[PDB]
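Novice: Dropping a structure here in structure tokens format, bear with me for questions.
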Amino acid sequence: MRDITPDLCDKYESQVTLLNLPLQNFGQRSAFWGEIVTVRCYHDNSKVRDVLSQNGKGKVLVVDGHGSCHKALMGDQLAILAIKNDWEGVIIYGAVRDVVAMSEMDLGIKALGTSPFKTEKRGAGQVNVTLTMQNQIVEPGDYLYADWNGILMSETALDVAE
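Per my numbering, the very first residue in the sequence shown carries number 1147; after that it's consecutive.
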């Protein structure tokens, strides 16, 4: 796959904002982009599963798990569901698990780290609310473009050469 953020910054410089988080790459797809859908939750991935069961074509799910890596918010089963529902990728401010299975999956996946522990689903969490991670705002409805070079946010959809 090819790099996409450098071309975006050079062409749409004034309309892009870097989202600066210390994330790692875990999916087979190194680049992914789309409209942002958000989830805010804490040691409970109920809403992560609810959202990923929805149609994700042209969307990127961004999950504010409060930066906690004590438990994983996404495993290989949720990644398989996101794929079946055509999600472009998922960004987890928190931990993921089953990283060897994720490396060969057709989904863009970035996350803060890993944790072999799963969460207890209790229906807690919020969907499509404004997020604040590392003092940076992330708005549902905006657009996000991510690759190994970084992540860029825009208010309107940008043309991606590819």
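In this text, a Cβ means the ideal position worked out from N, Cα and C, and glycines have one as well.
Out of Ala1307, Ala1225, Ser1300, which has the shortest C-alpha to C-alpha gap to residue 1312?
Specialist: This structure gives no information on residue 1312, because the portion of the chain shown stretches from 1147 to 1308.
Novice: The ligand HEM and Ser1261: does the residue's C-beta get closer than 8 Å to at least one heavy atom of that ligand?
Specialist: The ligand HEM is absent from the structure shown, which contains no ligands of any kind.
Novice: Would you call the region 1223-1232 and the region 1256-1274 in contact, with 3 or more CB pairs under 8 Å?
Specialist: no
Novice: Tell me whether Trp1179 is buried or exposed, calling it buried when 16 or more other Cβ atoms sit within 10 Å of its Cβ.
Specialist: buried
Novice: Quick check: the Cα distance between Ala1292 and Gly1173, rounded to an integer number of angstroms?
Specialist: 12 Å
Novice: Is the beta carbon of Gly1211 closer than 9 Å to that of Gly1240?
Specialist: yes
Novice: Which partner residues of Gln1282 appear in the DSSP bridge assignment?
Specialist: Answer is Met1279.
Novice: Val1246: which of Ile1238, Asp1153, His1189, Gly1221 sits nearest, CA to CA?
Specialist: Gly1221
Novice: With a threshold of 16 other CB atoms inside 10 Å of the CB of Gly1204, please say whether the residue is buried or exposed.
Specialist: exposed
Novice: Per DSSP, which residues does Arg1186 bridge with? Please list them.
Specialist: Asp1210, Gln1272
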